[PDB]
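Asks: Part one of the assembly, not moved from where it sits:
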Amino acid sequence: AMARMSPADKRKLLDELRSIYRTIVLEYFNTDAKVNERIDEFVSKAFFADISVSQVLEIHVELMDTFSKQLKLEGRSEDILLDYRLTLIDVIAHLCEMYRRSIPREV
């Protein structure tokens, strides 16, 4: 029994990582929004919350389907979908970089 670490808290994290990730996308094109704070928040929690890229990869797809769907119903240039790819790849690359740094190596 993790120090009171129930499966809910993790889900809560997921719930937040979900929105946080989402927020990162919305602010990806922000004019003054420091998306870094979003990416930093997601990155920090993702690492700390021992979150695997899986959810980042899977969660991304679901949300992406959300945008593509609207584009169809709203008949809007779906090209904007490239942002998610830039956000998905950039996000993963950002936290993935943190992992490499969290690895103490001799030398």
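Replies: On my side now, so go ahead. Residues are numbered from 1 along each chain as shown, chains lettered A, B, ... in the order given.
Asks: wait, doesn't residue A:95 sit right on residue A:42?
Replies: Yes - in terms of C-beta atoms under 8 Å, residue A:95 counts as a neighbour of residue A:42; the distance is 7.2 Å. No exception for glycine: its C-beta is placed from N, CA and C like everyone else's.
Asks: These two: who's more crowded?
Replies: residue A:42 (25 against 19; other C-beta atoms under 10 Å).
Asks: unless I'm mixing things up, that one is touching residue A:21, no?
Replies: Yes - contact criterion C-beta under 8 Å: residue A:42 and residue A:21 qualify, at 5.6 Å.
Asks: which residues do the two both contact?
Replies: In terms of C-beta atoms under 8 Å, 6 or more residues apart in numbering, residue A:42 and residue A:21 are both contacted by the residues residue A:91.
Asks: Can you tell me which residue sits nearest the middle of chain A?
Replies: Geometric centre of chain A, nearest residue: residue A:21, 3.5 Å, by C-alpha atoms, centre = their mean.
Asks: list the buried ones in the helix or strand hosting it?
Replies: Here residue A:21, judged by DSSP states H and E, is contained in helix A:7-27. Applying a neighbour-count criterion of 16 or more other C-beta atoms under 10 Å, one finds A:13, A:14, A:17, A:18, A:20, A:21, A:22, A:23, A:24, A:25, A:27 buried in helix A:7-27.
Asks: attach chain B to the model above:
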Amino acid sequence: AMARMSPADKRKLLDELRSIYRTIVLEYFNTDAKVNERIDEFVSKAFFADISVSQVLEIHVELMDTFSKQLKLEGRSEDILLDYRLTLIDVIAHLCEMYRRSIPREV
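Replies: One more chain to add, chain B, which I have set with the ones above:
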């Protein structure tokens, strides 16, 4: 002077990682090719060669531009470009996962 580790060997790795990455893409749709061997080769070397996702991210773009370019000159469905994204995201996610495992944590 790294144990005879000159900037060439690294470039050689890059030269191989470049082709290896490329090979991973070509075999991504292989019918019997164990792309895993390609991804495993790239992953292993990328990690060992202390390669950062940067090149993986940057190298990916360049090659991607190679396919998009041909599609135009050859007038071929550029949709196939999704493979690179699946290969790029999958590749990064694969080695990124290895990094997490290469991190000895208490517990």
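Asks: Residues contacting the helix holding residue A:21, please?
Replies: A:33-35, A:38-39, A:41-42, A:45-46, A:49, A:51, A:55-56, A:59-60, A:63, A:83-84, A:87, A:91 (C-beta atoms under 8 Å, 6 or more residues apart in numbering or on different chains).
Asks: What degree of burial does the residue in chain A that chain B sits nearest to show, as a neighbour count?
Replies: Chain A approaches chain B most closely through residue A:96 (4.0 Å), counting by C-beta to the nearest C-beta. By the criterion of other C-beta atoms under 10 Å in any protein chain shown, residue A:96 has 25 neighbours.
Asks: can you check the one 4 residues further on too?
Replies: The local packing count at residue A:100 equals 19, with neighbours defined by other C-beta under 10 Å.
Asks: Could you do residue A:29 as well?
Replies: The burial count for residue A:29: 12, using other C-beta under 10 Å.
Asks: What values do phi and psi take at it?
Replies: phi -110, psi 20 (degrees, to the nearest 10).
Asks: picking that back up, are any of the contacts of helix A:7-27 buried, and which?
Replies: A:35, A:38-39, A:41-42, A:45-46, A:49, A:51, A:55-56, A:59-60, A:63, A:83-84, A:87, A:91 (16 or more other C-beta atoms under 10 Å in any protein chain shown).
Asks: let's bring in chain C now:
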Amino acid sequence: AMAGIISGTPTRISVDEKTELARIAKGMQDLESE
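Replies: Chain C goes in next, on the same frame as the chains above:
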């Protein structure tokens, strides 16, 4: 020329909008459940 003439097999797979993606989860999302 260089040699490495990148092919890939363009115009082979039928992809849609969100066309496949990370859907492969990667078999990583196993981290937890009992």
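Asks: With chain C now part of the structure, what is the answer for the buried residues of helix A:7-27?
Replies: Buried residues in helix A:7-27, counting neighbours by 16+ other C-beta under 10 Å, are found at A:10, A:13, A:14, A:17, A:18, A:20, A:21, A:22, A:23, A:24, A:25, A:27.
Asks: Now the two most distant members of these.
Replies: Spanning the widest gap among those are A:10 and A:27, at 24.9 Å by C-beta to C-beta.
Asks: wait, which of the buried residues of helix A:7-27 is closest to chain C?
Replies: Set against chain C, the nearest of those by C-beta to the nearest C-beta is residue A:10 (6.7 Å).
Asks: Please report how far that closest one lies from residue B:82.
Replies: Going from residue A:10 to residue B:82 by C-beta to C-beta, to the nearest Å gives 31 Å.
Asks: ok, now residue A:49?
Replies: 30 Å.
Asks: repeat for residue C:5
Replies: Applying C-beta to C-beta, the value for residue C:5 to residue B:82 is 21 Å.
Asks: higher neighbour count, those two?
Replies: Taking neighbours as other C-beta under 10 Å, residue C:5 and residue B:82 compare with residue B:82 leading, 17 against 8.
Asks: Next up, the contacts around residue A:88.
Replies: A:56, A:57, A:60, A:64, B:89, C:22.
Asks: Identify the residues contacting the residue positioned nearest the centre of chain C.
Replies: Geometric centre of chain C, nearest residue: residue C:21, 6.1 Å, by C-alpha atoms, centre = their mean. Residue C:21 sits next to A:57, A:60, A:61, A:64, B:82, B:85, B:86, B:89 when contact means C-beta under 8 Å, 6+ apart.
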